[PDB]
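Encoded as structure tokens, the structure appears first; notes follow it.
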Amino acid sequence: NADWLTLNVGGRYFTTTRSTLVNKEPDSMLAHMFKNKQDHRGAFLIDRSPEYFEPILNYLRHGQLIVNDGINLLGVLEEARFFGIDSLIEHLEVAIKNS
Amino acid sequence: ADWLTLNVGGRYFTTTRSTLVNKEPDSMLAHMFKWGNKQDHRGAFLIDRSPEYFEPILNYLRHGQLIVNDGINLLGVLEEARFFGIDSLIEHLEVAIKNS
Amino acid sequence: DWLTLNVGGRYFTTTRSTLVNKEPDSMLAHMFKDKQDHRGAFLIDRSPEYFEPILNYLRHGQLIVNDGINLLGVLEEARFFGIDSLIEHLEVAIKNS
Amino acid sequence: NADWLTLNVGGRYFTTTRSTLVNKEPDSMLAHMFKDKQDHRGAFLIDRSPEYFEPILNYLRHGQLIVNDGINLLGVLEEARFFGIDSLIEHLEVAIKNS
Amino acid sequence: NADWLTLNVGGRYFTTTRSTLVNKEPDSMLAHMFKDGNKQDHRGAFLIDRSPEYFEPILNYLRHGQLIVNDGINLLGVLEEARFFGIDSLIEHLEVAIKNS
């Protein structure tokens, strides 16, 4: 809420808050990352896909899985696994059971 | 007349204060003209939301109409509409999702 | 003569000639005959996503868009900026979609 | 020749080589442009659409027409005519004959 | 893991690690970053004259060894880049992917 952070994911810059990253849930890699490496703009470097990082950060923001038509849910699942957000993994699995 | 830049999720939007304050003024968005969110390096006011689902919001602020392209999940628009507190667009969106 | 436009946050670049020749009767051409930001770009409080087909139509006089984009979005910028011919093209385009 | 060139197309920056812009289309406007109008970043200014310019540049790169679903081929055809690359014009016309 | 690199592909900047570029395909031309590539822009990114739009799935496959793209994406554009950079496994994967839509 008060502490602003910038994340360099794969070359794309996201801006968020520490509170968003460490809360809901605190038991993910992401949360333990921000409590390393610095790029040329101060942002913290992450070697993943930013295209499939959007729904991850959004789910961190409001706890809901929202995505546009045609977007492969497998990538989102992969990134969710990497960062270790369990709830989103479950939601994604019950989402891929019936597509 | 008075131009503002917003940093939403890492994406920069340029508009005017008039667009944000007017139509409608009983949202937190309009209330953000009085808040310690101003400082990034380009002077843009920081907002921790999805920029992808923010463009229809700003456009609705610009011309009072809901326009999005095919395949766009307007649930994500509804969530932003709730967060920023634009009630008219919330209604618009609900009657929009009633039959899709 | 080169100009840069800041539309809704997105920077487009085009000659003044394209903005003024064809569509000499509405606000776009009338703006550029002679308010700016740091990069010297002319500020426009509209949607850039629906602004690209407008500028394309200014460039070669044709309405070309990919599958899925809402023609209403293009029509709203077309009304705002005031390109009559493109408004006609768009209306006859929405007649049968 | 074989210098790294930057093109400012419609406000979007593309990076390539002179070789790519000259060879496999020596009889086009593009090739005729780069043998010897710059913005501040030194990029050469082109007043066209970048969204329909990427497939053009790609065709320059590997001589093939590749485009995602839903992309209007007409927009590519117009740029194809403007830059005067006849082979790609032919490809495009036989591509629009059956869509 | 520790060594960060920026690639300028066709004008678009990707950021990754040398580890990702040289492991899980050390015999592809990309592994020419197994040494340090003496062509750099002003920012310092290594220049590559290809399409960035079809470079995303390549780099992602380098990252987690899986072919993941959204609906409507022309797989041919990915195949061309895979051929250029010389990732054979991805070429096989793509070939068995295209012969049945």
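How things are named: the first chain in the structure tokens is A, the next is B, and so on; residues count from 1 in each chain; ligands count from 1 in the order shown.
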
Counting only C-alpha atoms, what are the residues of chain C within 12 Å of region 51-68 of chain D, and for each of them which pair of atoms is the nearest and at what distance in Å, to one decimal? Sort the table by chain and rising number, as a Markdown table.
| residue | atom | partner | partner_atom | distance |
| --- | --- | --- | --- | --- |
| C:49 | CA | D:51 | CA | 11.5 |
| C:52 | CA | D:51 | CA | 9.1 |
| C:53 | CA | D:51 | CA | 10.4 |
| C:56 | CA | D:52 | CA | 10.4 |
| C:64 | CA | D:52 | CA | 10.3 |
| C:65 | CA | D:52 | CA | 10.3 |
| C:66 | CA | D:52 | CA | 10.2 |
| C:67 | CA | D:68 | CA | 10.6 |

> Leaving out residue 48 (chain E) and any residue of its chain fewer than 3 positions from it, which residues lie within 8 Å of it when counting only C-alpha atoms, given as a list in words?
Replying inline: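 Final neighbour list, sorted by chain and number: residues 16 of chain D; 7, 8, 9 and 10 of chain E.
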
>> Residues near region 80-88 of chain E, anyone? I mean within 9 Å using only C-alpha atoms, not counting same-chain ones fewer than 5 positions away, as a list in words.
In response: residues 62 of chain D; 25, 27, 28, 29, 30, 50, 51, 54, 55, 58, 75, 93 and 94 of chain E

> If you measure from CA of residue 86 (chain A) to CA of residue 43 (chain A), what distance in Å do you get, rounded to one decimal?
Replying inline: 25.5 Å

>> Residues near region 26-30 of chain A, anyone? I mean within 9 Å using only C-alpha atoms, not counting same-chain ones fewer than 5 positions away, as a list in words.
In response: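 That gives residues 21, 82, 83, 84, 85 and 86 of chain A.
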
Go ahead and write the residues just picked, N, CA and C atoms, as a JSON list (two decimals), in the first residue's frame.
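Result went into again27.json, see below:
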[["chain", "number", "residue", "atom", "x", "y", "z"],
["A", 21, "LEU", "N", 2.43, -8.40, -2.99],
["A", 21, "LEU", "CA", 3.30, -9.54, -3.28],
["A", 21, "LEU", "C", 3.45, -10.49, -2.09],
["A", 82, "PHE", "N", 5.68, -22.02, -10.77],
["A", 82, "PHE", "CA", 7.00, -21.46, -10.50],
["A", 82, "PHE", "C", 7.00, -20.56, -9.27],
["A", 83, "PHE", "N", 6.02, -19.65, -9.21],
["A", 83, "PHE", "CA", 5.96, -18.70, -8.11],
["A", 83, "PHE", "C", 5.37, -19.33, -6.84],
["A", 84, "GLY", "N", 4.66, -20.44, -7.01],
["A", 84, "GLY", "CA", 4.19, -21.22, -5.88],
["A", 84, "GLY", "C", 2.92, -20.72, -5.21],
["A", 85, "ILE", "N", 1.99, -20.20, -6.01],
["A", 85, "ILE", "CA", 0.68, -19.83, -5.49],
["A", 85, "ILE", "C", -0.27, -21.01, -5.64],
["A", 86, "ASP", "N", -0.50, -21.72, -4.54],
["A", 86, "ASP", "CA", -1.25, -22.97, -4.54],
["A", 86, "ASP", "C", -2.71, -22.81, -4.94]]

> In Å, how far is it from CA of residue 49 (chain A) to CA of residue 7 (chain A)?
Replying inline: 12.1 Å

>> If we count only C-alpha atoms and set the cut-off at 7 Å, which residues sit around region 20-30 of chain C, ignoring sequence neighbours fewer than 3 positions away in its own chain? Please answer as a PyMOL selection string.
In response: chain C and resi 16-17+33+58+81-83

Write a file of the just-selected residues containing C-alpha atoms, as an mmCIF file, in the first residue's frame.
data_model
loop_
_atom_site.group_PDB
_atom_site.id
_atom_site.type_symbol
_atom_site.label_atom_id
_atom_site.label_comp_id
_atom_site.auth_asym_id
_atom_site.auth_seq_id
_atom_site.Cartn_x
_atom_site.Cartn_y
_atom_site.Cartn_z
ATOM 1 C CA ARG C 16 1.634 17.183 -40.835
ATOM 2 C CA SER C 17 0.774 16.688 -44.503
ATOM 3 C CA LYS C 33 -1.670 24.485 -38.977
ATOM 4 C CA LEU C 58 -5.650 9.368 -43.067
ATOM 5 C CA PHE C 81 -12.163 13.741 -34.672
ATOM 6 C CA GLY C 82 -14.854 14.263 -37.298
ATOM 7 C CA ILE C 83 -13.840 12.347 -40.430
#

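Closest to chain B among A:80, A:31, A:56, A:73 is A:56, based on only C-alpha atoms.
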
> Which polymer residues have any atom within 7 Å of an atom of region 22-33 of chain D, counting only C-alpha atoms, with same-chain residues fewer than 2 positions away left out, as an MDAnalysis selection string?
Replying inline: chainID D and resid 18:20 35 60 83:85

Please produce a file of those selected residues containing N, CA, C and O atoms, as a PDB file, in the first residue's frame.
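Saved the output as selection-v1.pdb:
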ATOM      1  N   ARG D  18      21.059  -3.272 -42.655  1.00  0.00           N
ATOM      2  CA  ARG D  18      20.960  -2.724 -44.003  1.00  0.00           C
ATOM      3  C   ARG D  18      20.828  -3.841 -45.027  1.00  0.00           C
ATOM      4  O   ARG D  18      20.102  -3.712 -46.013  1.00  0.00           O
ATOM      5  N   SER D  19      21.535  -4.940 -44.778  1.00  0.00           N
ATOM      6  CA  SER D  19      21.489  -6.110 -45.644  1.00  0.00           C
ATOM      7  C   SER D  19      20.064  -6.625 -45.810  1.00  0.00           C
ATOM      8  O   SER D  19      19.641  -6.964 -46.915  1.00  0.00           O
ATOM      9  N   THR D  20      19.326  -6.672 -44.705  1.00  0.00           N
ATOM     10  CA  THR D  20      17.954  -7.159 -44.720  1.00  0.00           C
ATOM     11  C   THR D  20      17.034  -6.219 -45.496  1.00  0.00           C
ATOM     12  O   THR D  20      16.104  -6.661 -46.172  1.00  0.00           O
ATOM     13  N   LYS D  35      21.206   3.055 -48.842  1.00  0.00           N
ATOM     14  CA  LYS D  35      22.390   2.707 -49.617  1.00  0.00           C
ATOM     15  C   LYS D  35      23.549   3.640 -49.280  1.00  0.00           C
ATOM     16  O   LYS D  35      24.716   3.271 -49.413  1.00  0.00           O
ATOM     17  N   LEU D  60      11.102  -9.768 -45.421  1.00  0.00           N
ATOM     18  CA  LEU D  60      12.441  -9.346 -45.816  1.00  0.00           C
ATOM     19  C   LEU D  60      13.488 -10.271 -45.206  1.00  0.00           C
ATOM     20  O   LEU D  60      14.495 -10.594 -45.837  1.00  0.00           O
ATOM     21  N   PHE D  83       5.800  -0.006 -50.221  1.00  0.00           N
ATOM     22  CA  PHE D  83       7.237  -0.249 -50.209  1.00  0.00           C
ATOM     23  C   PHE D  83       7.705  -0.894 -51.513  1.00  0.00           C
ATOM     24  O   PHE D  83       8.904  -0.978 -51.777  1.00  0.00           O
ATOM     25  N   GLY D  84       6.751  -1.340 -52.325  1.00  0.00           N
ATOM     26  CA  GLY D  84       7.042  -1.836 -53.657  1.00  0.00           C
ATOM     27  C   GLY D  84       7.795  -3.152 -53.726  1.00  0.00           C
ATOM     28  O   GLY D  84       8.717  -3.304 -54.526  1.00  0.00           O
ATOM     29  N   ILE D  85       7.404  -4.109 -52.892  1.00  0.00           N
ATOM     30  CA  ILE D  85       7.987  -5.445 -52.942  1.00  0.00           C
ATOM     31  C   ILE D  85       7.033  -6.399 -53.658  1.00  0.00           C
ATOM     32  O   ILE D  85       6.136  -6.976 -53.046  1.00  0.00           O
TER      33      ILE D  85
END

> Taking the backbone alone, and naming residues the way the document does, which bits of chain D are helix (DSSP H, G or I) by DSSP, as a PyMOL selection string?
Replying inline: chain D and resi 18-22+29-33+54-62+73-83+86-97

Write to file, as a compact mmCIF listing (two decimals), in the first residue's frame, the residues of the selection just made, with N, CA and C atoms.
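New file selection02.txt:
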# COMPACT_ATOMS: atom_id res chain seq x y z
N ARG D 18 21.06 -3.27 -42.66
CA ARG D 18 20.96 -2.72 -44.00
C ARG D 18 20.83 -3.84 -45.03
N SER D 19 21.54 -4.94 -44.78
CA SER D 19 21.49 -6.11 -45.64
C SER D 19 20.06 -6.62 -45.81
N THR D 20 19.33 -6.67 -44.71
CA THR D 20 17.95 -7.16 -44.72
C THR D 20 17.03 -6.22 -45.50
N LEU D 21 17.30 -4.92 -45.40
CA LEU D 21 16.48 -3.91 -46.06
C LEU D 21 16.82 -3.75 -47.54
N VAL D 22 17.99 -4.24 -47.94
CA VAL D 22 18.47 -4.06 -49.31
C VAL D 22 18.36 -5.33 -50.15
N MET D 29 11.28 0.38 -52.80
CA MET D 29 11.52 1.69 -52.19
C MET D 29 12.46 1.57 -50.99
N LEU D 30 12.21 0.56 -50.16
CA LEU D 30 13.00 0.31 -48.96
C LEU D 30 14.49 0.17 -49.25
N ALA D 31 14.82 -0.71 -50.19
CA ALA D 31 16.21 -0.93 -50.58
C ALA D 31 16.83 0.34 -51.13
N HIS D 32 16.04 1.10 -51.88
CA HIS D 32 16.50 2.35 -52.47
C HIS D 32 16.72 3.43 -51.42
N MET D 33 16.11 3.26 -50.25
CA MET D 33 16.25 4.23 -49.17
C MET D 33 17.58 4.11 -48.42
N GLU D 54 5.48 -5.25 -39.45
CA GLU D 54 6.22 -6.40 -38.95
C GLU D 54 6.20 -7.61 -39.91
N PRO D 55 5.04 -7.93 -40.53
CA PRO D 55 5.12 -9.06 -41.46
C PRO D 55 5.97 -8.73 -42.68
N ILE D 56 6.01 -7.46 -43.06
CA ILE D 56 6.83 -7.01 -44.18
C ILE D 56 8.30 -7.25 -43.87
N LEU D 57 8.73 -6.77 -42.70
CA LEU D 57 10.12 -6.92 -42.27
C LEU D 57 10.49 -8.39 -42.14
N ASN D 58 9.56 -9.19 -41.63
CA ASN D 58 9.77 -10.63 -41.51
C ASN D 58 9.95 -11.29 -42.88
N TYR D 59 9.15 -10.86 -43.84
CA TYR D 59 9.27 -11.35 -45.21
C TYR D 59 10.62 -10.95 -45.80
N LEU D 60 11.10 -9.77 -45.42
CA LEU D 60 12.44 -9.35 -45.82
C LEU D 60 13.49 -10.27 -45.21
N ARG D 61 13.23 -10.70 -43.97
CA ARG D 61 14.18 -11.51 -43.22
C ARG D 61 14.30 -12.94 -43.73
N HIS D 62 13.18 -13.59 -44.03
CA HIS D 62 13.22 -15.00 -44.40
C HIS D 62 12.36 -15.37 -45.61
N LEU D 73 -5.44 -9.24 -44.16
CA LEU D 73 -4.35 -9.31 -45.12
C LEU D 73 -4.25 -8.05 -45.97
N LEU D 74 -5.37 -7.33 -46.09
CA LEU D 74 -5.41 -6.09 -46.87
C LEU D 74 -4.42 -5.05 -46.33
N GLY D 75 -4.36 -4.92 -45.01
CA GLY D 75 -3.47 -3.98 -44.37
C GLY D 75 -2.02 -4.27 -44.69
N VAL D 76 -1.70 -5.54 -44.86
CA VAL D 76 -0.35 -5.95 -45.23
C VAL D 76 -0.12 -5.66 -46.71
N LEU D 77 -1.17 -5.86 -47.51
CA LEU D 77 -1.10 -5.62 -48.94
C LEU D 77 -0.83 -4.16 -49.27
N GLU D 78 -1.43 -3.25 -48.51
CA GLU D 78 -1.24 -1.82 -48.74
C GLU D 78 0.21 -1.41 -48.51
N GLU D 79 0.78 -1.84 -47.39
CA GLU D 79 2.18 -1.56 -47.09
C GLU D 79 3.08 -2.23 -48.12
N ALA D 80 2.67 -3.41 -48.58
CA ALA D 80 3.39 -4.13 -49.61
C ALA D 80 3.47 -3.31 -50.90
N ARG D 81 2.36 -2.67 -51.25
CA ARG D 81 2.33 -1.80 -52.42
C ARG D 81 3.18 -0.55 -52.21
N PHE D 82 3.08 0.03 -51.01
CA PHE D 82 3.79 1.27 -50.70
C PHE D 82 5.30 1.10 -50.76
N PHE D 83 5.80 -0.01 -50.22
CA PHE D 83 7.24 -0.25 -50.21
C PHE D 83 7.71 -0.89 -51.51
N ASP D 86 7.25 -6.56 -54.96
CA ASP D 86 6.30 -7.22 -55.85
C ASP D 86 6.01 -8.68 -55.51
N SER D 87 7.04 -9.44 -55.15
CA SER D 87 6.89 -10.86 -54.85
C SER D 87 5.87 -11.08 -53.73
N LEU D 88 6.00 -10.30 -52.67
CA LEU D 88 5.09 -10.38 -51.54
C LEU D 88 3.69 -9.92 -51.93
N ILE D 89 3.60 -9.00 -52.89
CA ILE D 89 2.31 -8.58 -53.41
C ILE D 89 1.61 -9.76 -54.08
N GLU D 90 2.37 -10.51 -54.87
CA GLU D 90 1.84 -11.71 -55.53
C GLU D 90 1.36 -12.73 -54.50
N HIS D 91 2.26 -13.07 -53.57
CA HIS D 91 1.93 -13.97 -52.45
C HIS D 91 0.62 -13.56 -51.78
N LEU D 92 0.50 -12.28 -51.48
CA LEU D 92 -0.67 -11.75 -50.79
C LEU D 92 -1.93 -11.88 -51.63
N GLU D 93 -1.85 -11.56 -52.92
CA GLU D 93 -3.02 -11.64 -53.79
C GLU D 93 -3.52 -13.08 -53.90
N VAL D 94 -2.61 -14.02 -54.10
CA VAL D 94 -3.02 -15.42 -54.17
C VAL D 94 -3.47 -15.90 -52.78
N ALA D 95 -3.09 -15.17 -51.74
CA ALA D 95 -3.52 -15.50 -50.38
C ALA D 95 -4.94 -14.98 -50.10
N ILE D 96 -5.32 -13.89 -50.75
CA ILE D 96 -6.64 -13.31 -50.54
C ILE D 96 -7.66 -13.89 -51.51
N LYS D 97 -7.18 -14.52 -52.58
CA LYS D 97 -8.08 -15.20 -53.51
C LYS D 97 -8.92 -16.25 -52.79

>> Using DSSP secondary structure from the backbone, list all strand (DSSP E or B) positions within chain B, as an NGL selection string.
In response: :B and (3-8 or 11-16 or 45-47)

>> I'd like the neighbourhood of residue 16 (chain A) as a VMD selection string, where a residue qualifies if any of its atoms comes within 12 Å (using only C-alpha atoms), though same-chain residues fewer than 4 positions away should be ignored.
In response: (chain A and resid 1 to 8 20 to 22 34 43 to 44 54 57 to 58 60 to 61) or (chain B and resid 7 to 11 37 40 46 to 51)

Each residue of chain C with at least one atom at most 12 Å from chain D should appear once, together with its nearest atom pair and the corresponding distance in Å (one decimal); atoms considered: only C-alpha atoms; ordering: chain, then increasing residue number; output as CSV.
residue,atom,partner,partner_atom,distance
C:1,CA,D:37,CA,10.0
C:2,CA,D:45,CA,8.5
C:3,CA,D:11,CA,10.1
C:4,CA,D:11,CA,7.9
C:5,CA,D:11,CA,9.0
C:6,CA,D:11,CA,10.2
C:7,CA,D:11,CA,11.4
C:10,CA,D:11,CA,8.7
C:11,CA,D:11,CA,5.9
C:12,CA,D:11,CA,4.5
C:13,CA,D:11,CA,4.6
C:14,CA,D:47,CA,5.2
C:15,CA,D:47,CA,6.8
C:16,CA,D:47,CA,10.4
C:17,CA,D:47,CA,10.5
C:18,CA,D:47,CA,8.7
C:19,CA,D:47,CA,11.2
C:39,CA,D:40,CA,10.1
C:40,CA,D:40,CA,11.7
C:41,CA,D:11,CA,11.3
C:48,CA,D:11,CA,11.9
C:49,CA,D:51,CA,11.5
C:51,CA,D:49,CA,11.6
C:52,CA,D:49,CA,7.9
C:53,CA,D:49,CA,9.0
C:54,CA,D:49,CA,11.0
C:55,CA,D:49,CA,8.5
C:56,CA,D:49,CA,6.7
C:57,CA,D:49,CA,10.4
C:58,CA,D:48,CA,10.4
C:59,CA,D:48,CA,7.3
C:60,CA,D:78,CA,8.2
C:61,CA,D:78,CA,10.6
C:62,CA,D:75,CA,9.1
C:63,CA,D:75,CA,8.9
C:64,CA,D:75,CA,5.8
C:65,CA,D:72,CA,6.1
C:66,CA,D:72,CA,4.6
C:67,CA,D:70,CA,4.5
C:68,CA,D:70,CA,7.4
C:69,CA,D:70,CA,9.9
